[PDB]
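S.K.:
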Amino acid sequence: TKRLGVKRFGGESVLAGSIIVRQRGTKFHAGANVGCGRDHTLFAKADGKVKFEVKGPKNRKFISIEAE
Amino acid sequence: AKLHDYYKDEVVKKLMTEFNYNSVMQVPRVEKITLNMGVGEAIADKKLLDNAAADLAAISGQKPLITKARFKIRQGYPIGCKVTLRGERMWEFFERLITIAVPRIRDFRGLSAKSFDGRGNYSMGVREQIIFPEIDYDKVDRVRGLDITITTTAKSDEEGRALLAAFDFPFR
Amino acid sequence: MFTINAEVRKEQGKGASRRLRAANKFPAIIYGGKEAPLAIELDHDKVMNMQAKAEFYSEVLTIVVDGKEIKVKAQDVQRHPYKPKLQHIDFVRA
Amino acid sequence: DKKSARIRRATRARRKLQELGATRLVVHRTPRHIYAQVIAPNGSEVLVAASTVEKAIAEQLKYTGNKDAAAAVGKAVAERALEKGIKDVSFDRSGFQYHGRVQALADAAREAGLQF
RNA sequence: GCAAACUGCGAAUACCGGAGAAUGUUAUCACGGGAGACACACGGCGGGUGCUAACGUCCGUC
RNA sequence: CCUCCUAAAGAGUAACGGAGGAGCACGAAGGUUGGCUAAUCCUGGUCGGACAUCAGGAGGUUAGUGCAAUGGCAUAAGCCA
RNA sequence: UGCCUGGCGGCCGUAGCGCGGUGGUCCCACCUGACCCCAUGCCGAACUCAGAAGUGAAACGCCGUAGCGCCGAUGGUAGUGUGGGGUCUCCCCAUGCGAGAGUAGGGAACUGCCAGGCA
Numbered sequence: 006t015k016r017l018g019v020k021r022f023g024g025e026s027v028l029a030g031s032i033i034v035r036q037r038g039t040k041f042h043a044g045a046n047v048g049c050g051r052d053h054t055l056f057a058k059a060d061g062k063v064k065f066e067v068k069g070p071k072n073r074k075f076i077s078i079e080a081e
Numbered sequence: 001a002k003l004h005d006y007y008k009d010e011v012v013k014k015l016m017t018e019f020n021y022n023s024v025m026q027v028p029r030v031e032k033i034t035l036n037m038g039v040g041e042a043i044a045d046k047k048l049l050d051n052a053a054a055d056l057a058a059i060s061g062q063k064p065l066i067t068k069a070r076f077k078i079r080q081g082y083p084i085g086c087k088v089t090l091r092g093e094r095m096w097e098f099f100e101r102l103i104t105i106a107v108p109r110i111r112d113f114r115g116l117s118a119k120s121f122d123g124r125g126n127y128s129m130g131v132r133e134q135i136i137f138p139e140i141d142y143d144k145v146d147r148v149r150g151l152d153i154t155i156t157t158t159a160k161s162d163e164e165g166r167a168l169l170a171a172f173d174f175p176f177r
Numbered sequence: 001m002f003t004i005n006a007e008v009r010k011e012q013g014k015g016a017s018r019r020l021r022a023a024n025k026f027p028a029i030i031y032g033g034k035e036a037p038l039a040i041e042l043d044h045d046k047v048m049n050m051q052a053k054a055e056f057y058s059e060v061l062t063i064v065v066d067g068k069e070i071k072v073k074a075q076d077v078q079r080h081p082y083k084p085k086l087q088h089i090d091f092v093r094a
Numbered sequence: 002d003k004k005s006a007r008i009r010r011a012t013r014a015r016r017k018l019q020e021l022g023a024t025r026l027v028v029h030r031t032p033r034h035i036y037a038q039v040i041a042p043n044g045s046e047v048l049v050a051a052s053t054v055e056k057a058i059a060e061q062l063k064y065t066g067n068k069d070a071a072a073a074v075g076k077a078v079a080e081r082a083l084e085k086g087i088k089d090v091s092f093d094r095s096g097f098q099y100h101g102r103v104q105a106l107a108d109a110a111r112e113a114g115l116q117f
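Protein chains in written order, with the authors' numbering: chain W, 6, 15 to 81; chain F, 1 to 70, 76 to 177; chain V, 1 to 94; chain O, 2 to 117.
#1: The beta strand (DSSP E) that contains residue 5 of chain V, what's its start and end?
#2: Taking C-beta to C-beta, are residue 14 of chain O and residue 78 of chain O nearer than 8 Å?
#3: Give me the Cβ distance between residue 57 of chain W and residue 29 of chain W, rounded to the nearest whole Å; I'm assuming they're in contact under 8 Å.
#4: Looking at the structure shown, is residue 79 of chain W part of a helix, part of a strand, or coil, going by DSSP?
#5: Report the option in F:79, F:32, F:13 whose CA atom is closest to the CA atom of residue 43 of chain F.
#6: How big is the Cα-Cα spacing for residue 26 of chain W and residue 41 of chain V?
#7: Name, in chain order, the residues that DSSP records as bridge partners for residue 41 of chain V.
#8: Check the C-beta distance from residue 56 of chain V over to residue 73 of chain V and give it rounded, since I have them as a contact under 8 Å.
#9: Under 8 Å between the Cβ atoms of residue 27 of chain O and residue 93 of chain O?
#10: Counting only the same chain and skipping the five closest in sequence on each side, list residues whose C-beta sits under 8 Å from that of residue 115 of chain F.
#11: Do you know how far the Cα of residue 21 of chain F is from the Cα of residue 12 of chain F?
#12: Residue 102 of chain F: which of F:137, F:46, F:84, F:129 sits nearest, CA to CA?
#13: Using the rule of at least 16 other Cβ atoms within 10 Å of the residue's Cβ for burial, across every protein chain shown, is residue 48 of chain V buried or exposed?
#14: Tell me which residue opens and which closes the beta strand (DSSP E) that residue 104 of chain O is part of.
#15: Can you find the residues in the same chain that come closer than 7 Å, C-beta to C-beta, to residue 43 of chain W, ignoring five residues on each side of it along the sequence?
#16: Quick check on the DSSP output: the beta strand (DSSP E) that includes residue 91 of chain O runs from which residue to which?
#17: Helix, strand or coil for residue 48 of chain O? Go by DSSP, reduced to three states.
#18: Would you kindly report the start and end of the unbroken beta strand (DSSP E) that includes residue 61 of chain W?
#19: Can you tell me the Cα-Cα spacing of residue 5 of chain V and residue 38 of chain V, whole angstroms?
#20: Confirm, please, whether the CB-CB distance from residue 73 of chain W to residue 53 of chain W is below 8 Å.
#21: For residue 153 of chain F, which of helix, strand or coil comes out of DSSP?
#22: Considering only residues of the same chain and omitting the five flanking positions on each side of residue 81 of chain F, which have a CB-CB separation below 8 Å?
#23: Going by DSSP, what residue range makes up the beta strand (DSSP E) through residue 70 of chain V?
#24: To the nearest angstrom, how far is the alpha carbon of residue 63 of chain V from that of residue 70 of chain V?
#25: Using beta-carbon positions only, say whether residue 30 of chain F and residue 156 of chain F come within less than 8 Å of one another.
#26: Hey, which unbroken runs of the beta strand (DSSP E) at 3 residues or more fall wholly within the region 57-97 of chain O?
#27: Determine the contact status of residue 71 of chain F and residue 151 of chain F, defining contact as a CB-CB distance below 8 Å.
#28: Let me know if residue 142 of chain F comes out buried or exposed under the rule of 16 or more other beta-carbons within 10 Å of its beta-carbon.
#29: Would the beta-carbon of residue 66 of chain O fall within 8 Å of that of residue 102 of chain O?
#30: Using 8 Å as the threshold, is the region 115-129 of chain F in touch with the region 85-95 of chain F, meaning 3 or more CB pairs across them?
#31: Look at the Cβ atom of residue 53 of chain O, then the Cβ atom of residue 35 of chain O, and state whether they are nearer than 8 Å.
#32: For a quick check, are the C-beta atoms of residue 171 of chain F and residue 46 of chain F less than 8 Å apart?
#33: My assumption, with CB atoms under 8 Å, is that residue 34 of chain F sits in contact with residue 87 of chain F. Please give the rounded CB distance.
#34: Between residue 33 of chain V and residue 60 of chain V, what straight-line distance do the alpha-carbon atoms span, to the nearest angstrom?
#35: Apart from the five residues just before and just after residue 140 of chain F, which ones in its own chain have a Cβ nearer than 6 Å to its Cβ?
#36: Could you pull the start and end residues of the beta strand (DSSP E) that residue 36 of chain O belongs to?
Printed below as a string of structure tokens:
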């Protein structure tokens, strides 16, 4: 009777401490050289390249940052 | 370990010759014995549960642990406390019971062969706990009994029958 | 064993398929074994003519390509829900 | 299964340690022996390894598994690693309990000069 | 058998990010001055409302 | 104040369109380190009837994750110390 | 330089489930007793102490089993952008992108370093 989805994309260059994706649940998990917030908001720990992959026993989707 | 040596001396040889196993431990062996009176009458008050716990502590050589439910019972409601042994107390208590408890049963029609889990364990509840002399008549409050469920490594009902016969299996 | 001759497909996609369907023709494929499968162009009229006999789907058929007869077994046939037209016939080499 | 729970427990430690990309010093307890290895962050290569099975440790040990054997293994691995130049490496008890053989080995290694 | 608030499967157009060709008065952005501007409508594209009866009504796009 | 669709697969895209909940609390119901890993159904067992009780079995989270809703949690954010 | 085992990574179903036999050389697993280091919301269940006292029962190790699960082409089909047409509700034409399911087939995973036993 606020904004979800992918905001930053793989292959992009971002500065340190830049939020890439916020997720309602654990749809994605931070990879190497990536931090995680209280609301599962991933942010860049450094500057370089970003990769989205699928890995794990359940084949969960992961986000990683690699040196440029 | 009071009966452990006697068990290894007597039961092992007959079971091996009647089964012809290869390894020493292939013979079924008891691992734990469960004493838990399903009184189920402590819902009104917990004094009965305290009395049951005291009886368990007195009869056994240890102190019981209070559990909770998985009849008008809520979730997580403590109703009964169980007791189990793992070690020398196993054989000590088993020998004691088979010496004084099992032989001294009133109207002892026998055990229940069908009272198996279908996989190598026997479960039954023997009432009129007066059979156990450890039960002091001074502190008895109601007619109760142990819901003994023998836990054994038997892989089938035949092995359970064989290991029960090893204890002479008085009769059905 | 039936003397069936067809033409090898020259285009990949829905274009040639619809061109054949409009002109009363259709495509097909032949696969099976280590040999590479190949696409073929089956004429609709001849397929109707020689498929009426019940023996068409019973034994191993013979398909003639560029004057070369090969044994192929019809795996399956796909037809329109109501139109009596063969959407696609899949064969297996035998 | 005890193995399943042990692996489950060790997985959390390993995955939380992998964020740093630092050489790990993994110690494994066996009922009859004890194993200790130092593995690079990649995980496919090992810098050094020593176990009680080798004669170098069991010569003076009546048995390969006990507090004394764990201490001897810790001393040996610590000496070898110090020769290697660990420079404050990180330890890992394969997701085990720091109670016995693991505890004795770690204490013996720290006696030799381990910085962890 | 069904499911806009069913997905065990899963399209092209639409997005920015990286490399690359020719193009076009730099067609691109910021600042500073000066505007109108605060009632649009027809049709097509896929829908809701409405009784898909409506030449009724509202949405994103040309 | 907040959640689900409605809504044309980046975000947004009208309804007086249909669902709704929240005005709470913890000095633990947070953290540290350690340990453990359910629901669902079945077999035996006085009441207990099949499901007040424990042991075992298929399985490892469809239990639970304090608040309505939706996504997520096995490395457990779930339970104890 | 070969056969076998253990630890650690990539790999996350062509790695899983079902059946048979094979292993105590080394190694591995179960385990005796535990008052001793330690311990339970009760218990040597796990944890820790003396080892082979006993064994290969489960477990893991190889191979075969394609039974099961799984992947999976090839085409076609459905769908659809762009421009147009018709009897314009819906369909079709030209071109491009290209489903799901199913299919032949694959399918007893592969690979990297160290350590130990037998050649």
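We put the beta carbon where it would ideally sit given N, CA and C, even for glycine.
M.R.: Based on what the coordinates show:
#1: DSSP places residue 5 of chain V inside the beta strand (DSSP E), whose first and last residues are 3-5.
#2: Against a cut-off of 8 Å, the Cβ pair of residue 78 of chain O and residue 14 of chain O comes out as no contact.
#3: At roughly 6 Å, the Cβ-Cβ gap stays under 8 Å, so residue 57 of chain W and residue 29 of chain W are in contact.
#4: Residue 79 of chain W carries a strand assignment under DSSP once its states are collapsed to helix, strand and coil.
#5: Taking residue 43 of chain F as reference, the option from F:79, F:32, F:13 with the minimal CA-CA separation is F:79.
#6: Their Cα atoms are separated by approximately 52 Å.
#7: Residue pairing by DSSP places residue 41 of chain V opposite V:7, V:27 in a beta bridge.
#8: 11 Å between Cβ atoms; not a contact.
#9: Yes, they are a contact pair.
#10: So the qualifying residues of the chain are 175, 176, 177.
#11: Their Cα atoms are separated by approximately 10 Å.
#12: When the alpha-carbon of residue 102 of chain F is set against those of F:137, F:46, F:84, F:129, the nearest one is in F:137.
#13: Residue 48 of chain V is exposed by the Cβ-count criterion.
#14: Residue range 102-113 is occupied by the alpha helix (DSSP H) that includes residue 104 of chain O, with no beta strand (DSSP E) assigned at that position.
#15: Once the five neighbours on either side are set aside, the close Cβ partners of residue 43 of chain W are 49, 55, 76.
#16: Annotation: the continuous beta strand (DSSP E) that includes residue 91 of chain O extends over 91-93.
#17: In the structure shown, residue 48 of chain O sits in a strand (DSSP, three-state: E or B).
#18: Following the DSSP letters along the chain, one finds residue 61 of chain W inside the beta strand (DSSP E) bounded by residues 61-68.
#19: Spanning the two alpha carbons is a distance of roughly 14 Å.
#20: The criterion of a C-beta distance shorter than 8 Å is not satisfied by residue 53 of chain W and residue 73 of chain W.
#21: Note: residue 153 of chain F maps to coil in three-state DSSP.
#22: Result list for residue 81 of chain F: 68, 69, in chain order.
#23: Where residue 70 of chain V is concerned, the enclosing beta strand (DSSP E) stretches over 68-79.
#24: If you take the alpha carbons of residue 63 of chain V and residue 70 of chain V, they lie about 5 Å apart.
#25: Taking 8 Å as the Cβ cut-off, residue 30 of chain F and residue 156 of chain F qualify as a contacting pair.
#26: With a minimum length of 3 residues, the continuous beta strand (DSSP E) runs that stay inside the region 57-97 of chain O are 91-93.
#27: Along chain F, the last residue before the gap is 70 and the first after it is 76, so residue 71 of chain F carries no coordinates.
#28: The C-beta of residue 142 of chain F has fewer than 16 other C-beta atoms within 10 Å across all chains shown, which makes the residue exposed.
#29: Taking a C-beta distance under 8 Å as the contact criterion, residue 66 of chain O and residue 102 of chain O qualify as a contact pair.
#30: Between the region 115-129 of chain F and the region 85-95 of chain F, the count of C-beta pairs closer than 8 Å stays below three; the two stretches do not touch.
#31: Yes, the Cβ-Cβ distance between residue 53 of chain O and residue 35 of chain O is below 8 Å.
#32: It is not a contact, given that the beta carbons lie outside the stated cut-off.
#33: Going by Cβ atoms, the distance from residue 34 of chain F to residue 87 of chain F rounds to 6 Å, so yes, they are a contact pair.
#34: Taking the straight line joining both Cα atoms gives about 15 Å.
#35: So the qualifying residues of the chain are 134.
#36: Looking at the DSSP string, the run of the beta strand (DSSP E) that includes residue 36 of chain O is 35-40.
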